[PDB]
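Asks: Numbering-wise, full-length UniProt numbering puts 43 at position 43 of the sequence shown, and it's gapless, one number per residue. If you scroll down you'll find the structure; I have some questions about it.
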Amino acid sequence: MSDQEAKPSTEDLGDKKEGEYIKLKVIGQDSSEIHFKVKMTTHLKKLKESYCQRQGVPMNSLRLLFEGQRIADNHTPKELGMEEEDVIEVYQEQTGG
């Protein structure tokens, strides 16, 4: 009733232990914690796209930011200052409705 979530699109569900990548975590306002695997030299769009894919919500509904800076696509974790945790904060801001 009154839901705005679609079907969760799992991009990856295997090779959790067998791989050379770290596991990041995203904090959602709806008390949601998603864990996904990624490398430190990967694009930042993959981080945001994976998080929204698992939830099944519109991209223009939640804003992802880190330490006050904006996260784009051609950005790198080493540039934004992402450490071992790689955890990003999300804020609910629907464009109109």
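Don't be surprised by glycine CBs; every beta carbon is placed ideally from N, CA and C.
Quick one: what's got a C-beta closer than 6 Å to residue 86's C-beta in the same chain, skipping five residues either side?
Replies: Excluding positions up to five away in sequence, the list reads 24.
Asks: Indicate the three-state DSSP secondary structure (helix, strand or coil) for residue 48 in the structure shown.
Replies: Three-state DSSP puts residue 48 in a helix.
Asks: Using alpha carbons as the reference points, say which of 96, 10, 6 and 70 lies closest to residue 34.
Replies: Considering only alpha carbons, the answer is 10.
Asks: Considering only the beta carbon of each residue, do residue 71 and residue 65 sit closer than 8 Å?
Replies: Contact flag set, yes.
Asks: What residues in its chain sit with their C-beta under 6 Å from that of residue 101, if we drop five residues either side in the sequence?
Replies: Because the chain is modelled from 1 through 97, residue 101 falls outside the range shown and cannot be assessed.
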